[PDB]
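> Sharing a structure with you now.
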Amino acid sequence: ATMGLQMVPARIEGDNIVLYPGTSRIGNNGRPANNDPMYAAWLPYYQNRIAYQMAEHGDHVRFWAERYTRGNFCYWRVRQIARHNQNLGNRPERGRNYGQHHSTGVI
RNA sequence: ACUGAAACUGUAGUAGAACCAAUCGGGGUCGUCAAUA
């Protein structure tokens with residue numbers, strides 16, 4: 001399970017692989033550097049669902065996210081989502097502390 | 001401006017001599033499987 005911390009979200013575009021570390025930056029060992037947040041954002045899906053019907057693996061999307069903290073690390077908790085062509089709407093605010101997933105209000 | 005008649009294509013000969021349906025294999029035994037929070 002340690003090895004997952006040095007995986008990066010990726011795609012292939014035509015015939016090149018692409019990487020999407022996004023706002024996070026790739027640390028030397030491949031881990032997200034300097035305690036910056038996980039490369040991918042986290043979508044609540046089987047509990048505290050962030051609904052638009054629930055999105056699906058092919059969905060191209062636009063979304064708000066919030067920086068959340070847990071223990072040794074932090075991550076972009078998705079807050080609200082729309083299909084890409086649709087309007088995302090207004091900025092959400094200070095989410096619930098979902099237990100040890102603590103809000104920051106950094107959105 | 002008088003059909004020739006009569007005559008067994010049969011008589012003797014072992015489709016056989018030689019060759020392995022066989023060569024190798026313990027009815028045996030350990031750590032995997034799924035990916036995140």
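Chain labels A, B, ... are given in the sequence in which chains occur in the structure tokens; within each chain residues are numbered consecutively from 1, and ligands are likewise numbered from 1 in the order shown.
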May I have the residues within 12 Å of residue 7 in chain A as a PDB file with N, CA and C atoms, in the first residue's frame, using only C-alpha atoms (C1' of nucleotides) and disregarding those fewer than 6 positions away in the same chain?


```
ATOM      1  N   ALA A   1       0.807  -1.216   0.000  1.00  0.00           N
ATOM      2  CA  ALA A   1       0.000   0.000   0.000  1.00  0.00           C
ATOM      3  C   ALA A   1       0.843   1.270   0.000  1.00  0.00           C
ATOM      4  N   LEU A  19       0.378  13.431 -17.752  1.00  0.00           N
ATOM      5  CA  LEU A  19       0.256  13.414 -16.302  1.00  0.00           C
ATOM      6  C   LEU A  19      -0.534  14.635 -15.857  1.00  0.00           C
ATOM      7  N   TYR A  20      -1.347  14.465 -14.818  1.00  0.00           N
ATOM      8  CA  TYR A  20      -2.130  15.556 -14.241  1.00  0.00           C
ATOM      9  C   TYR A  20      -1.885  15.652 -12.741  1.00  0.00           C
ATOM     10  N   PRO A  21      -0.662  15.992 -12.325  1.00  0.00           N
ATOM     11  CA  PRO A  21      -0.456  16.353 -10.915  1.00  0.00           C
ATOM     12  C   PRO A  21      -1.200  17.610 -10.511  1.00  0.00           C
ATOM     13  N   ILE A  26       5.155  17.076  -8.258  1.00  0.00           N
ATOM     14  CA  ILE A  26       5.695  15.726  -8.117  1.00  0.00           C
ATOM     15  C   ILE A  26       7.006  15.788  -7.336  1.00  0.00           C
ATOM     16  N   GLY A  27       6.995  15.259  -6.117  1.00  0.00           N
ATOM     17  CA  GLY A  27       8.203  15.153  -5.326  1.00  0.00           C
ATOM     18  C   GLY A  27       9.180  14.135  -5.881  1.00  0.00           C
ATOM     19  N   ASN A  29      10.823  11.374  -4.990  1.00  0.00           N
ATOM     20  CA  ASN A  29      10.515   9.948  -4.990  1.00  0.00           C
ATOM     21  C   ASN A  29       9.263   9.604  -5.795  1.00  0.00           C
ATOM     22  N   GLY A  30       8.627  10.583  -6.436  1.00  0.00           N
ATOM     23  CA  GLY A  30       7.334  10.401  -7.062  1.00  0.00           C
ATOM     24  C   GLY A  30       6.153  10.734  -6.176  1.00  0.00           C
ATOM     25  N   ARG A  31       6.366  10.857  -4.870  1.00  0.00           N
ATOM     26  CA  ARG A  31       5.306  11.231  -3.949  1.00  0.00           C
ATOM     27  C   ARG A  31       4.942  12.701  -4.158  1.00  0.00           C
ATOM     28  N   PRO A  32       3.702  13.092  -3.866  1.00  0.00           N
ATOM     29  CA  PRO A  32       3.374  14.522  -3.906  1.00  0.00           C
ATOM     30  C   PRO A  32       4.224  15.309  -2.917  1.00  0.00           C
ATOM     31  N   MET A  38      -2.995  15.494  -2.296  1.00  0.00           N
ATOM     32  CA  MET A  38      -3.001  14.368  -3.223  1.00  0.00           C
ATOM     33  C   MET A  38      -3.328  14.824  -4.638  1.00  0.00           C
ATOM     34  N   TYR A  39      -2.638  14.219  -5.608  1.00  0.00           N
ATOM     35  CA  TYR A  39      -2.724  14.669  -6.996  1.00  0.00           C
ATOM     36  C   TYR A  39      -4.165  14.689  -7.494  1.00  0.00           C
ATOM     37  N   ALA A  40      -4.874  13.576  -7.337  1.00  0.00           N
ATOM     38  CA  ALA A  40      -6.302  13.538  -7.609  1.00  0.00           C
ATOM     39  C   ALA A  40      -7.127  14.026  -6.424  1.00  0.00           C
TER      40      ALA A  40
END
```

> What are the nearest atom pairs, with distances in Å to one decimal, for all residues of chain B that come at most 9 Å from chain A, using only C-alpha atoms (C1' of nucleotides), set out by chain and rising residue number as CSV?


```
residue,atom,partner,partner_atom,distance
B:35,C1',A:1,CA,8.0
B:36,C1',A:1,CA,7.8
B:37,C1',A:70,CA,8.9
```

> Of the residues A:43, A:107, A:82, A:50, which is the one nearest to residue 67 in chain A, using only C-alpha atoms?

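For residue 67 in chain A, the nearest of the given residues is A:107.
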
> Enumerate as a PDB file with N, CA, C and O atoms, in the first residue's frame all residues of range 24-80 of chain A assigned to strand (DSSP E or B) by DSSP on the backbone, naming them with the chain letters and numbers the document uses.


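Output contents, as saved in selection_13.pdb:
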```pdb
ATOM      1  N   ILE A  26       5.155  17.076  -8.258  1.00  0.00           N
ATOM      2  CA  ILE A  26       5.695  15.726  -8.117  1.00  0.00           C
ATOM      3  C   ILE A  26       7.006  15.788  -7.336  1.00  0.00           C
ATOM      4  O   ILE A  26       8.013  16.296  -7.833  1.00  0.00           O
ATOM      5  N   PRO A  32       3.702  13.092  -3.866  1.00  0.00           N
ATOM      6  CA  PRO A  32       3.374  14.522  -3.906  1.00  0.00           C
ATOM      7  C   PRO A  32       4.224  15.309  -2.917  1.00  0.00           C
ATOM      8  O   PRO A  32       4.280  14.998  -1.725  1.00  0.00           O
ATOM      9  N   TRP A  42     -10.796  13.747  -4.308  1.00  0.00           N
ATOM     10  CA  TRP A  42     -11.592  12.623  -3.827  1.00  0.00           C
ATOM     11  C   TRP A  42     -13.072  12.928  -4.005  1.00  0.00           C
ATOM     12  O   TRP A  42     -13.554  13.976  -3.566  1.00  0.00           O
ATOM     13  N   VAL A  61     -16.288  16.415 -16.703  1.00  0.00           N
ATOM     14  CA  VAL A  61     -16.983  17.118 -15.632  1.00  0.00           C
ATOM     15  C   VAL A  61     -16.278  18.422 -15.291  1.00  0.00           C
ATOM     16  O   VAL A  61     -15.082  18.599 -15.529  1.00  0.00           O
ATOM     17  N   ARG A  62     -17.058  19.341 -14.727  1.00  0.00           N
ATOM     18  CA  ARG A  62     -16.572  20.540 -14.061  1.00  0.00           C
ATOM     19  C   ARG A  62     -17.005  20.456 -12.605  1.00  0.00           C
ATOM     20  O   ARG A  62     -18.131  20.045 -12.313  1.00  0.00           O
ATOM     21  N   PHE A  63     -16.123  20.842 -11.686  1.00  0.00           N
ATOM     22  CA  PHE A  63     -16.452  20.673 -10.278  1.00  0.00           C
ATOM     23  C   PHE A  63     -15.715  21.671  -9.397  1.00  0.00           C
ATOM     24  O   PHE A  63     -14.615  22.125  -9.720  1.00  0.00           O
ATOM     25  N   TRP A  64     -16.353  22.000  -8.276  1.00  0.00           N
ATOM     26  CA  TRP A  64     -15.707  22.615  -7.127  1.00  0.00           C
ATOM     27  C   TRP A  64     -15.102  21.547  -6.228  1.00  0.00           C
ATOM     28  O   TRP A  64     -15.627  20.436  -6.111  1.00  0.00           O
ATOM     29  N   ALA A  65     -13.982  21.889  -5.598  1.00  0.00           N
ATOM     30  CA  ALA A  65     -13.383  21.023  -4.596  1.00  0.00           C
ATOM     31  C   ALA A  65     -12.931  21.863  -3.412  1.00  0.00           C
ATOM     32  O   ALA A  65     -12.789  23.084  -3.507  1.00  0.00           O
ATOM     33  N   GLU A  66     -12.713  21.189  -2.288  1.00  0.00           N
ATOM     34  CA  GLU A  66     -12.231  21.815  -1.066  1.00  0.00           C
ATOM     35  C   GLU A  66     -11.045  21.029  -0.535  1.00  0.00           C
ATOM     36  O   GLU A  66     -11.060  19.795  -0.537  1.00  0.00           O
ATOM     37  N   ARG A  67     -10.022  21.742  -0.080  1.00  0.00           N
ATOM     38  CA  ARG A  67      -8.904  21.083   0.575  1.00  0.00           C
ATOM     39  C   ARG A  67      -9.342  20.531   1.927  1.00  0.00           C
ATOM     40  O   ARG A  67      -9.881  21.261   2.763  1.00  0.00           O
ATOM     41  N   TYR A  68      -9.115  19.238   2.132  1.00  0.00           N
ATOM     42  CA  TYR A  68      -9.430  18.551   3.376  1.00  0.00           C
ATOM     43  C   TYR A  68      -8.166  17.923   3.943  1.00  0.00           C
ATOM     44  O   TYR A  68      -7.260  17.545   3.198  1.00  0.00           O
ATOM     45  N   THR A  69      -8.114  17.802   5.267  1.00  0.00           N
ATOM     46  CA  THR A  69      -6.965  17.228   5.951  1.00  0.00           C
ATOM     47  C   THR A  69      -7.366  15.935   6.647  1.00  0.00           C
ATOM     48  O   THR A  69      -8.482  15.815   7.163  1.00  0.00           O
ATOM     49  N   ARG A  70      -6.445  14.973   6.660  1.00  0.00           N
ATOM     50  CA  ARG A  70      -6.563  13.785   7.499  1.00  0.00           C
ATOM     51  C   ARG A  70      -5.168  13.315   7.872  1.00  0.00           C
ATOM     52  O   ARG A  70      -4.385  12.940   6.994  1.00  0.00           O
ATOM     53  N   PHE A  73      -1.717  13.622   5.901  1.00  0.00           N
ATOM     54  CA  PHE A  73      -1.858  14.095   4.533  1.00  0.00           C
ATOM     55  C   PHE A  73      -3.116  14.942   4.392  1.00  0.00           C
ATOM     56  O   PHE A  73      -3.928  15.059   5.313  1.00  0.00           O
ATOM     57  N   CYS A  74      -3.262  15.539   3.210  1.00  0.00           N
ATOM     58  CA  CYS A  74      -4.416  16.355   2.863  1.00  0.00           C
ATOM     59  C   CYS A  74      -4.811  16.085   1.417  1.00  0.00           C
ATOM     60  O   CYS A  74      -4.027  15.550   0.629  1.00  0.00           O
ATOM     61  N   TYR A  75      -6.038  16.470   1.066  1.00  0.00           N
ATOM     62  CA  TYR A  75      -6.589  16.112  -0.235  1.00  0.00           C
ATOM     63  C   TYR A  75      -7.691  17.090  -0.614  1.00  0.00           C
ATOM     64  O   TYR A  75      -8.263  17.776   0.237  1.00  0.00           O
ATOM     65  N   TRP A  76      -7.985  17.132  -1.915  1.00  0.00           N
ATOM     66  CA  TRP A  76      -9.088  17.921  -2.465  1.00  0.00           C
ATOM     67  C   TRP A  76     -10.389  17.131  -2.386  1.00  0.00           C
ATOM     68  O   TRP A  76     -10.671  16.292  -3.243  1.00  0.00           O
ATOM     69  N   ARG A  77     -11.192  17.391  -1.359  1.00  0.00           N
ATOM     70  CA  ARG A  77     -12.537  16.831  -1.303  1.00  0.00           C
ATOM     71  C   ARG A  77     -13.442  17.548  -2.298  1.00  0.00           C
ATOM     72  O   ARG A  77     -13.606  18.769  -2.224  1.00  0.00           O
ATOM     73  N   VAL A  78     -14.026  16.795  -3.234  1.00  0.00           N
ATOM     74  CA  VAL A  78     -15.016  17.375  -4.134  1.00  0.00           C
ATOM     75  C   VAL A  78     -16.221  17.848  -3.334  1.00  0.00           C
ATOM     76  O   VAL A  78     -16.721  17.145  -2.446  1.00  0.00           O
ATOM     77  N   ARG A  79     -16.695  19.052  -3.648  1.00  0.00           N
ATOM     78  CA  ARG A  79     -17.825  19.664  -2.960  1.00  0.00           C
ATOM     79  C   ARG A  79     -19.093  19.721  -3.793  1.00  0.00           C
ATOM     80  O   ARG A  79     -20.189  19.584  -3.248  1.00  0.00           O
ATOM     81  N   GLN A  80     -18.972  19.922  -5.102  1.00  0.00           N
ATOM     82  CA  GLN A  80     -20.129  20.066  -5.972  1.00  0.00           C
ATOM     83  C   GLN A  80     -19.668  19.866  -7.408  1.00  0.00           C
ATOM     84  O   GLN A  80     -18.524  20.176  -7.748  1.00  0.00           O
TER      85      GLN A  80
END
```

> Between CA of residue 54 in chain A and CA of residue 18 in chain A, what is the spacing in Å?

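Rounded to one decimal, the two atoms are 26.4 Å apart.
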